[PDB]
């Protein structure tokens, strides 16, 4: 098997050319191998201040936030608070438009409601205006027919999924997912004392960080998760090996998020997480990551009933913000995984290629 020495070489020999080519100021990587995380840090968290990346540097996860949403929703299912087969309207009775009949919580969670757009528009500034948006929405497709990746879909799922708990999303997430997993440096809102750890993002040479949206059902979730490479490694480990998670509903929620709900070409949609059967070749995964494909409306095949987690899977998620680019992938059958956090948003295919190359060294 590969030694720790060899693994360190593989990671450096992969990441250093990638950062040069993609002009990445700083990256934190964790590889999960032989039951533990291995950490590698590169470059700068803050160029002007000459602060290096460390295992405590906070990065913006962007859309990898959706994996936390998915698990939180799974946990709520396992508690009996929601069911994926319930109508959206069960959790939002004020949503009276008849276009919503036949749209399930599952459809919101997995982007199959029938054309909810990528973004919630900026006109949406509060709950009254969020309601007007969803009430006015005209589906382009029937439910359960077309996948269109969308913050307006899973964001609403997250907001509604926590309603029975009585907690807002940020508090539900922290209480039910983060704290039990000891992810104690994972934030929506970075506390003031934690600010020294927060990297700057870089976009066309400008230092940038995430903004917020207007207050409401989606605020905390849109502001997106920030975390360091250690917490993210432990997040990957929990999702790779939920058998080691003691809380019964959270263990089940992790499994629900890695279940297969829909097939779309060579991939399968989970709750937040996406999956391909393992073995998979690099070009399959890399080509599917291009935004011309990843953001396209594509036909789905229902997996009814949902398939529970398949150990021989490539499980992954990309996520970006204006200044950050991150990627996570793991293969439960092999008990290997990787986290790559960077403070520039560089092309998703390049992230997948590097992650694949590193994990390939370990099988």
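Positions refer to the first chain, counted from 1.
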- Residue stretch of maximal mean CA temperature factor, 43-51 vs 327-335: 43-51
- Item | 103-111 set against 203-211, stretch whose average Cα temperature factor tops the other in the entry | 203-211
- Which one of 158, 216, 80, 270 shows the top CA temperature factor in the record? 216
- Message: I'd like to know which of 170, 75, 274, 86 has the highest C-alpha temperature factor in the PDB entry.
- Response: 170
- Query: What third of its chain's C-alpha B-factors does residue 149 belong to: lowest, middle or highest?
  - Reply: lowest
- residue 177 - Cα temperature factor, lowest/middle/highest third of chain: middle
- Task: Ordered by C-alpha B-factor within the chain, which third holds residue 163? Give me lowest, middle or highest, please.
- Result: middle
- Query: Is the Cα B-factor recorded for residue 10 in the lowest, middle or highest third of its chain?
  - Reply: highest
- The third of the chain into which the C-alpha temperature factor of residue 253 falls is the lowest
